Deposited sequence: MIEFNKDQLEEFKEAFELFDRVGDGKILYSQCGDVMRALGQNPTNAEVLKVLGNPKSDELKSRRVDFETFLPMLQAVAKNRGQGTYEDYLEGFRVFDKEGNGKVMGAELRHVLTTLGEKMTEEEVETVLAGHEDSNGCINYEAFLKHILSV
């Protein structure tokens, strides 16, 4: 990272500082990485965090300087398409089925998150154009 990147990342980090100490919680580190363009799994975030225990994850606070090596380490389409083609073969995906899989498999998300991302993209039949949705969510 160059000076400009370090400045933008620190500024972003400080916007997420909800206590004024120039720090975020470990549990926000992943959020900052995602806000900064990373797409880590919860497992990857915990791994770069050093698999913290619940207590230090929830209350130990780290400043930008300790977070930064983790962001660096984290920083270092066709599969995404096949992944969407998993749930198809007319190029569509049920909104109900996507809701079910997102709320029941993997690193399960809430129904509200899924409603938020799915809002306005499904048609009357309940089908999602996944290539368009993917391009939209990758921009």
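What the model leaves out of the deposited chain are the segments 1-3, 80-85, 98-99, 151.
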